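For reference, the structure is listed below as structure tokens.
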Amino acid sequence: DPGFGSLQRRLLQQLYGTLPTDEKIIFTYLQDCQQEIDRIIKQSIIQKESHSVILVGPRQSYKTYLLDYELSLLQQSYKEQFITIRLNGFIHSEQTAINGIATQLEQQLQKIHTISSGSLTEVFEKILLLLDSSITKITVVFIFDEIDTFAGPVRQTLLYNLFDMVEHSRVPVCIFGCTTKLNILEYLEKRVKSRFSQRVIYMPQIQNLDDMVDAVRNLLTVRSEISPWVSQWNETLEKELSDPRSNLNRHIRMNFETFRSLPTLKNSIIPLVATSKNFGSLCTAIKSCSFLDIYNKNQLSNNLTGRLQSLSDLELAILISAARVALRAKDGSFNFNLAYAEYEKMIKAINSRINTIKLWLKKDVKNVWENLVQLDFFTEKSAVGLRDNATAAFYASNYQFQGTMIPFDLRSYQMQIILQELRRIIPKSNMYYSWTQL
Amino acid sequence: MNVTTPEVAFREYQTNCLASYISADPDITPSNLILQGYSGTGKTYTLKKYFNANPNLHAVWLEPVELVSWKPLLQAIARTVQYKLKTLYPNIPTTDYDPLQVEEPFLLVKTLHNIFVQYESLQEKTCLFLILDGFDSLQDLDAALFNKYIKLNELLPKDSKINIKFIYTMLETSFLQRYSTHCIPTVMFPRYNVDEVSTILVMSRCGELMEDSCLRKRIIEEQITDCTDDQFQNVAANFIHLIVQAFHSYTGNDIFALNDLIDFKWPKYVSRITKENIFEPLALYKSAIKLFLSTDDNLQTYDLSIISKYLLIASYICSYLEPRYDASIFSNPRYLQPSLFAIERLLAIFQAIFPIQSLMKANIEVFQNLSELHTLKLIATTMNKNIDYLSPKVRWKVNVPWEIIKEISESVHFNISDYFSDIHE
Amino acid sequence: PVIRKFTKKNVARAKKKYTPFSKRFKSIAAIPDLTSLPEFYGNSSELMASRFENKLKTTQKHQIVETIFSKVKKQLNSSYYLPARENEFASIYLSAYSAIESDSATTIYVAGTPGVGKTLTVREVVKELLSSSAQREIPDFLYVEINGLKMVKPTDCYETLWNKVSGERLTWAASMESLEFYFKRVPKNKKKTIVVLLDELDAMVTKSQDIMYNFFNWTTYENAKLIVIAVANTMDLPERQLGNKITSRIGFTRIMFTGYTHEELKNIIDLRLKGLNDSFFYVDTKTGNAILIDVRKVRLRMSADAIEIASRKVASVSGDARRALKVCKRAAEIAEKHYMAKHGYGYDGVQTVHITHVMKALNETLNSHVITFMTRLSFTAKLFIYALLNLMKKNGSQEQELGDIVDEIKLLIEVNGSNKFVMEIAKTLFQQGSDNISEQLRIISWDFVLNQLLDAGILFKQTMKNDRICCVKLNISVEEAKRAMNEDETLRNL
Amino acid sequence: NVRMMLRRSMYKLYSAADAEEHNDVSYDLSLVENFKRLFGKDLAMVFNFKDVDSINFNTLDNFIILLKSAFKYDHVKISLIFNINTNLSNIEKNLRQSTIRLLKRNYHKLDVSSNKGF
DNA sequence: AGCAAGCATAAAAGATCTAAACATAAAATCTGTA
DNA sequence: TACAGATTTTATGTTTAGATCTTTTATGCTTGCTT
Ligand SMILES: Nc1ncnc2c1ncn2[C@@H]1O[C@H](COP(=O)(O)OP(=O)(O)OP(O)(O)=S)[C@@H](O)[C@H]1O
Ligand SMILES: Nc1ncnc2c1ncn2[C@@H]1O[C@H](COP(=O)(O)OP(=O)(O)OP(O)(O)=S)[C@@H](O)[C@H]1O
Ligand SMILES: Nc1ncnc2c1ncn2[C@@H]1O[C@H](COP(=O)(O)OP(=O)(O)OP(O)(O)=S)[C@@H](O)[C@H]1O
Ligand SMILES: [Mg+2]
Ligand SMILES: [Mg+2]
Ligand SMILES: [Mg+2]
């Protein structure tokens, strides 16, 4: 029936938040800070007053969500009274941000009604001339994500110029800077600190379980009569959320303890409602929440335990022998020779205590060693996994590491899973369980 | 749903999640979706099957392993997006934007915006999926590129009729866990079991093995007559099962290694088939045991001079034996890295161990052989780009394993084992 | 064509000439009277800046409400006299006036901390000089303002200045040679005095320090009528960059701008609110519009004690003149928010700015959110930091290996398993509350909370491939975390 | 490293193709992918590793694995020639078993020496 | 003669950086000569 | 005599060769000791 399809589509677009801004849902626990975001913007686009605000909060804390909902809300009634320039610290550079600002200014000014032509000096001079100078002024709203990446310790000229525009310009400018650092103020240089208004909004956090319960109720309640199942779906959801013993409340509580983030819960729930074929299956899936358990089990299927549970007999024996030789070593390091010596000692002892376990040779254990290294059960003795920057990665690529020079047999490794962890994971019925206790 | 789920053999949850996330409606599909798993876990296979079952989903397949650094990745994205958009809508008049002009992530954003703003003539919003097969496989990879690719979708226009949805199939979980706070929807691909690997191998290789030319010639050469459709399929399935149950410990749950082993050992297995043993698999296995006893995955170690061989012997003895030569000799500790020494000690040990003529002095030839040995990387130093062999601070070390030096010593009839047997055998 | 090893498809180059000014004329005696030529000293460009003025104007606007606190908020702006800078404005003006009247060259180096009124008083000095010259008391001069932080490249100091004195667009090296010839060689009968303000001179001299030497040296030439007013944050920057000998040769006029005291800052704020403090307004009770002299006749007042405390706090902390104004503006904003919430005015007896508003404005800046942030963290993250603190107590070491935190978390869960909360949370921490999920080495959301703390700036983790040896250390004070996990009852009991 | 090996291989390939044929491309495997469209003729790249012993075997192995990705085009043939100064056992020890199995599909051994056989 | 424990310290491995060598390119400017 | 066409000037980009630095383990020296 098309009614259940419409209901499922509505539920999915409620979870994704792509429903019209006339009916977008704002969680109660974050209905307060939105007002602040609603105030500042409405004091800059309506009252034409400059503002400089920094939103501090963790990843997926509804900074961009609230900042875009407010812009959409102001968009439908004050469309021609402001323009929006969006910058992202990850994909914009110090030189590149000037070009981004110029291009966005020209695009938005043509849209409402060049600056982007020339060298970087000319472009910056023109954007300074335009901004840092019946009828009113168009408000320039900077949505400036990852403000901490453009607040480095070597030079902060973009932030300096933007805050100087906020203070000493006749065109109203509103600058919202989203960041996750709790000490963003100390990142700015003292001139930029003085130019900044010290208006930091710390995004709200979930401090109660009732906050997440109400957020889930808002997410999964269809408030528009579009399907015959809407009333029954609301009844089922309310009766599954009212009782604290239900499976949905249990999973909400577990998310509250472990993750405490609505995006994780909605990621768990989206396939729950997309997988169901008819309304009865959806009701049973929301009453039992079996797919939540399946999703959680799948998410934990490539970590150390999941990878360890997918090893053959030879690979497991080599891993246990390497763990033993790393436990014996004072530095926790080893190599192929020591690990193979311990492995062959273990195999000889097992065969002597006796239908006999085959002892593979060095050429037949090199592949197992490489496979275990690929799964990152072993790493180099002193290895940096991935460099933070592109320049650091380039420098590392240029350098020729001593580890690759030495032969494969003598390369010094170091494990990620210790022998006690192997003892805990490995079942007591294994052949090598007696060999996981050194 | 209007999305059809393909029947993948051992990926039912993964296919269900793919159908749940990847949909033709831009409103109910995530901006970023991640497929995680290791080699041979059937992630590209599952995604290809899913996209083939749904011809109404626009996909732009990309292979970051060919695009070593980030600039080729951005340029290839810019080229392929516009090429695909032109392919789907050849009636839309468009201007060509050179992909080589994309040299920054913002330049990619601007080029994508310029490409998408000329497709506003479409009636309904569409989404094309940029599948990046192996974003973890970039050779020049850092921890900041994925941060750029996550937020790339924010700066592009929200109301455009062409939406870009990224799909990443990464390899390592250590890389994925760096971005665990981004809350990107992820589909995990656990490694297959031995039964799953065996079933995949038979269903993927039995048809090709049963039609192989070698079997075609063997059946007519042995003058055999049987059911072509079924008996040969059973023979190939039994061969694959024998290969799996013989080399699972060596290879693990790795499909590619077992495929290579099957390719290597099928001609030898079929060369042992005859009239009597084809009907009874036990006899055929007993007639070809040597195939399944050794992996055979390998495709006088050096032609060095006697001076070079004795130089290597002296270097190994000097490096792996403590400077206690003064007491008795010259008138395992080999499991660890070789130690360091000086040139004079190496020359003294070389003179001590060199056979008499009455002693061998250090000619030009000895030093030339030593420098050649360093050139062939058999002996190394504490070199760092610039190297000066004549500096007193330069110390030498050995780069041969015990087997190579043992073979060299036995070549010149030298008993290095007797020298090294004092500490341990 | 030739195959290119690499390509530069986005190269953007400006239309700037290369030949300096010294090669434009046949000889020094052939240089005309540059003062009367229509392109050098601003006689050509007058409306170039006005070209972009019309791009940011719109013809639509509703009757916006002007709250009684809106006047106070708008008046306490950086732009918006000169109470305290009267013994220093006087020095700058005296030096510049003496240099201008005698067609001489000089250098004024004014240095101080941010927000203390350097650029403002320099601009006021220049405005007074312009007013004096407009009365023909002193020779006319051209005012050029150069800001070191408003330029992409530090060598754009020349490109600007020459363009501001010749109308030509040259490269930076050609501009430098042109300026050298113009200042050293051109006779004083064919020149106008130039007053250059080198705002944020710190940014100009950071790599090659030649901007400082070039700009200070040009004030030593007899023919040059240049007057350089240098602004920097450090009082001894020329003595370091140039050296003692060069700086002694130049002969600066050095002025230091000390931070404002509480009394001077209070006087600044009072002068900023001279006509608005203790004033009267007509307020439309229906819409909220306030007009300065169903209407209501009200009185706007800002308590003097609020200004006292704001000025004293800002003077004690920083001494900024911007910080006190921003504190007062934020207090006015808080009062306006409360007023609008009480009356529901929205957008489109007497009112006062109380001491509590200024206290809130100060507490917003002073307080730190780390303790509040951890108080509301998830139990897994709090357990992580608790194990980190326990390892710090045991080892007395700032950096703890991640394996130590893992083992300590496991030991903490095992030892006090008789606790009801631990007994009921162990399954959800190790098996995700499911019987089909095997016991996990790392607790649920281990990577999530670890990356949360790393992103928040609470932890610093060294980059290494091995995840069991990476050392995580607190980036905050230990006492903050101690208080944060003392607040929680579960971690306090165990 | 791998990026420079790929860039120097693709630059040589493009230069040789343009010379034999008598716009601009990016120096990566997309050139190998689009060679049939650009020049209209199949591709027969022959790599010659001059001093395999001196070459870092990690980057050589990574480059071989990268070149393996070019096998999905029907218009390309890739041959490799390793100039070895020793026996191939050193290369076997210094290469991953996956690369060894990949090379074992087609390989020929040639004893190139001036003094070989006297 | 022969060697274990404690200490300081020269040193190996590598992060982080600079800069010369190698390379490309648009605007201005020199340079022929019809 | 103005011209196109060759050259220089200014401005970054790509890659290799060489440097200094921190960080951590090897190492000669010293002390105490028995053959
Ligand atoms: N424009 C949007 N409309 C609707 N939902 C959105 C929008 N942007 C983000 N979301 C969703 O909002 C949730 C979290 O909000 P976000 O704004 O993405 O997080 P965040 O505060 O931006 O964290 P950052 O920016 O990475 S530090 C996720 O489920 C997003 O999918
Ligand atoms: N469920 C399956 N059913 C049938 N064949 C499968 C299945 N999963 C994998 N295969 C086959 O096994 C091989 C796996 O190939 P891929 O799916 O490309 O591996 P992968 O997961 O992409 O790993 P990488 O990182 O790409 S090497 C192919 O030859 C597939 O045909
Ligand atoms: N004497 C004063 N009287 C009134 N207002 C003042 C006074 N001094 C500073 N202000 C205000 O505070 C602001 C400080 O600006 P500046 O004078 O440029 O400070 P500053 O010395 O330039 O600090 P920098 O440029 O960051 S080193 C001015 O714009 C005024 O709004
Ligand atoms: Mg964001
Ligand atoms: Mg793949
Ligand atoms: Mg200033």
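When we count neighbours, we look across all protein chains shown, and the Cβ atoms used for this are built from the backbone with ideal geometry, even at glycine. Only the coordinates and a few stated rules stand behind these numbers; no lab work does.
What's the total number of residues in segment A:20-41 that are outside any helix (DSSP H, G or I), of a type outside the set (S, T, Y) and touching a helix residue (DSSP H, G or I) at 6+ places or on another chain (Cβ under 8 Å)?
Initially, segment A:20-41 is screened for residues outside any helix (DSSP H, G or I), giving A:20-27.
Applying the additional criterion that residues be of a type outside the set (S, T, Y) yields A:20, A:22-27.
Remaining after also requiring touching a helix residue (DSSP H, G or I) at 6+ places or on another chain (Cβ under 8 Å): A:24-27.
The number of residues fulfilling the criteria is 4.
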Item to complete: Could you look through segment A:394-411, keep only residues that are within 7 Å of another protein chain (Cβ to nearest Cβ) and touching a helix residue (DSSP H, G or I) at 6+ places or on another chain (Cβ under 8 Å), and pick out the one that is nearest to ligand 3 (Cβ to nearest atom)?
Response: A:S397
Worksheet item: Taking segment A:158-213 on its own, how many of its residues are at the interface with another protein chain (Cβ under 10 Å from one of its Cβ atoms), β-branched (V, I, T) and not in a strand (DSSP E or B)?
Response: 6
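May I ask you to list the residues in segment C:419-433 that are in a loop (DSSP other than H, G, I, E, B) and more than 7 Å from chain A (Cβ to nearest Cβ)? Step through it out loud before you land on a result.
So the first thing to find is which residues in segment C:419-433 are in a loop (DSSP other than H, G, I, E, B), and the list is C:419, C:431-433.
Once the filter is applied, which keeps residues that are in a loop (DSSP other than H, G, I, E, B) and more than 7 Å from chain A (Cβ to nearest Cβ), segment C:419-433 yields C:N419, C:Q431.
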Worksheet item: Just checking, how many residues over segment C:460-488 are farther than 30 Å from B:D142 by Cα and more than 14 Å from chain A (Cβ to nearest Cβ)?
Response: 6
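Of the residues that sit in segment C:41-62 and are of a type in the set (K, R) and part of a helix (DSSP H, G or I), which one is farthest from C:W172 (Cα to Cα)?
It comes out as C:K55.
Please find, among B:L311, B:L261, B:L282, B:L242, the residue that is assigned to a helix (DSSP H, G or I) and closer than 23 Å to A:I318 by Cα.
Numbers: B:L311 fails: closer than 23 Å to A:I318 by Cα; B:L282 fails: closer than 23 Å to A:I318 by Cα; B:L242 fails: closer than 23 Å to A:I318 by Cα.
Just a single option satisfies the conditions, and that option is B:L261.
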Worksheet item: Is at least one residue of segment A:11-19 farther than 29 Å from A:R260 by Cβ, hydrophobic (A, V, I, L, M, F, W, C), away from ligand 3 (no atom under 16 Å from the Cβ) and assigned to a helix (DSSP H, G or I)?
Response: no
Worksheet item: Is it fair to say B:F414 is in a loop (DSSP other than H, G, I, E, B) and of a type in the set (A, V, I, L, M, F, W, C)?
Response: yes
Response to the item:
Of those in segment B:156-190 that are part of a loop (DSSP other than H, G, I, E, B) and within 16 Å of ligand 1 (Cβ to nearest atom), the residue farthest from the other protein chains (Cβ to nearest Cβ) is B:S160
Worksheet item: Within segment D:29-64, can you find the residues that are within 12 Å of chain B (Cβ to nearest Cβ), in contact with a strand residue (DSSP E or B) (Cβ under 8 Å, 6 or more places away or on another chain) and within 13 Å of D:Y14 (Cα to Cα)?
Response: D:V32
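Filter segment C:43-72 for residues that are under 30 Å from C:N163 (Cα atoms) and among the small types (G, A, S); which is farthest from the other protein chains (Cβ to nearest Cβ)?
As a first pass, look at segment C:43-72 and keep what is under 30 Å from C:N163 (Cα atoms): C:43-57.
Next, from what is left, pick out any that are among the small types (G, A, S): C:44-45, C:49-50.
Values: C:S44: 16, C:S45: 12, C:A49: 6, C:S50: 10 Å.
For segment C:43-72, the residue satisfying everything is C:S44.
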Discussion item. Being facing another protein chain (nearest Cβ under 7 Å), under 20 Å from D:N56 (Cα atoms) and in a helix (DSSP H, G or I) is the filter here; which residues of segment A:368-393 pass it?
Written reply: A:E370, A:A393
Worksheet item: If we only count strands (runs of 3 or more DSSP E) wholly inside segment A:42-150, which ones have 3 or more residues that are closer than 23 Å to A:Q198 by Cβ and away from chain B (no Cβ under 14 Å)?
Response: A:51-56, A:139-145
Worksheet item: Cβ-Cβ below 6 Å, separation at least six or inter-chain, first residue in segment C:73-90 and under 19 Å from C:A310 (Cα atoms) and more than 14 Å from chain A (Cβ to nearest Cβ), second among the charged types (D, E, K, R) and not in a loop (DSSP other than H, G, I, E, B): which pairs?
Response: C:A84/C:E264
Worksheet item: Say we look at segment D:77-106 and pick out the residues that are within 11 Å of chain A (Cβ to nearest Cβ) and β-branched (V, I, T); which of these is farthest from the chain's Cα centre (by Cα)?
Response: D:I100
Item to complete: Given the conditions (1) on the phi > 0 side of the Ramachandran plot; (2) more than 10 Å from chain A (Cβ to nearest Cβ), report the number of the one that C:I108 does not fulfil.
Response: (1)
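Could you list, in sequence order, all residues of segment C:399-418 that are touching a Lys or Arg at 6+ places or on another chain (Cβ under 8 Å) and either within 11 Å of chain A (Cβ to nearest Cβ) or closer than 26 Å to A:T264 by Cα (or both)? Give the steps one after another, and end with the answer.
Our first condition is that a residue be touching a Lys or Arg at 6+ places or on another chain (Cβ under 8 Å); within segment C:399-418, this holds for C:399-403, C:406.
Within segment C:399-418, C:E401, C:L402, C:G403, C:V406 meet the criteria.
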Practice prompt. Mind listing just one residue for me: the one in segment C:72-88 that is more than 7 Å from ligand 3 (Cβ to nearest atom) and buried (at least 19 other Cβ atoms within 10 Å of the Cβ) and, of those, nearest to A:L188 (Cα to Cα)?
Written response: C:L76
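Kindly indicate the residue of segment B:7-36 that is assigned to a strand (DSSP E or B) and more than 7 Å from every other protein chain (Cβ to nearest Cβ) and also farthest from B:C127 (Cα to Cα) among those meeting that condition. Even if it seems obvious, please write down each step before you answer.
Within segment B:7-36, the first condition is being assigned to a strand (DSSP E or B), and the residues that meet it are B:32-36.
Keeping just the survivors that are more than 7 Å from every other protein chain (Cβ to nearest Cβ) gives B:32-35.
Working: B:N32: 12, B:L33: 14, B:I34: 17, B:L35: 19 Å.
Checking each candidate, the answer is B:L35.
Name the residue, out of A:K381, A:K358, A:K348, that is out of contact with any helix residue (DSSP H, G or I) (no Cβ under 9 Å at 6 or more places or on another chain) and not small (G, A, S).
Values: A:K381 fails: out of contact with any helix residue (DSSP H, G or I) (no Cβ under 9 Å at 6 or more places or on another chain); A:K358 fails: out of contact with any helix residue (DSSP H, G or I) (no Cβ under 9 Å at 6 or more places or on another chain).
Going through A:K381, A:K358, A:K348 in turn, just one is out of contact with any helix residue (DSSP H, G or I) (no Cβ under 9 Å at 6 or more places or on another chain) and not small (G, A, S): A:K348.
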Discussion item. Anything in segment A:1-29 that is exposed (fewer than 15 other Cβ atoms within 10 Å of the Cβ) and among the small types (G, A, S)? List them, or say none.
Written reply: A:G3, A:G5
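Kindly indicate whether B:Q351 is out of contact with any helix residue (DSSP H, G or I) (no Cβ under 6 Å at 6 or more places or on another chain), more than 16 Å from ligand 1 (Cβ to nearest atom), over 30 Å from A:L359 (Cβ atoms) and in a helix (DSSP H, G or I). Lay out the reasoning, then the answer.
Working: out of contact with any helix residue (DSSP H, G or I) (no Cβ under 6 Å at 6 or more places or on another chain): yes; more than 16 Å from ligand 1 (Cβ to nearest atom): yes; over 30 Å from A:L359 (Cβ atoms): yes; in a helix (DSSP H, G or I): yes.
Answer is yes for this residue.
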Discussion item. If the requirement is being out of contact with any strand residue (DSSP E or B) (no Cβ under 7 Å at 6 or more places or on another chain), more than 12 Å from chain B (Cβ to nearest Cβ) and outside any loop (DSSP other than H, G, I, E, B), which of these qualifies: A:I320, A:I270?
Written reply: A:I320
Practice prompt. Name every residue in segment B:129-160 that is out of contact with any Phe, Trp or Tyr (no Cβ under 6 Å at 6 or more places or on another chain) and more than 30 Å from C:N466 (Cβ to Cβ), in order of residue number.
Written response: B:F129, B:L152, B:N153, B:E154, B:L155, B:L156, B:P157, B:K158, B:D159
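Take the residues in segment C:1-40 that are in contact with a strand residue (DSSP E or B) (Cβ under 9 Å, 6 or more places away or on another chain) and assigned to a loop (DSSP other than H, G, I, E, B), then tell me which one is farthest from DNA strand E (Cβ to nearest atom).
Within segment C:1-40, the subset in contact with a strand residue (DSSP E or B) (Cβ under 9 Å, 6 or more places away or on another chain) is C:16-21, C:40.
Then keep just the ones that are assigned to a loop (DSSP other than H, G, I, E, B); that gives C:16, C:18-20, C:40.
Details: C:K16: 6, C:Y18: 4, C:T19: 3, C:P20: 9, C:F40: 18 Å.
Checked segment C:1-40; the qualifying residue farthest from DNA strand E (Cβ to nearest atom) is C:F40.
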Worksheet entry | Selected residue (criterion: surrounded by the most Cβ atoms within 10 Å (Cβ to Cβ)) from residues of segment B:250-272 that are more than 13 Å from chain D (Cβ to nearest Cβ) and among the polar types (S, T, N, Q) | B:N253
Discussion item. For the structure I just gave you, tell me whether A:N218 is under 24 Å from the mean Cα position of the chain (by Cα), part of a helix (DSSP H, G or I), more than 16 Å from ligand 2 (Cβ to nearest atom) and more than 30 Å from C:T113 (Cβ to Cβ).
Written reply: yes
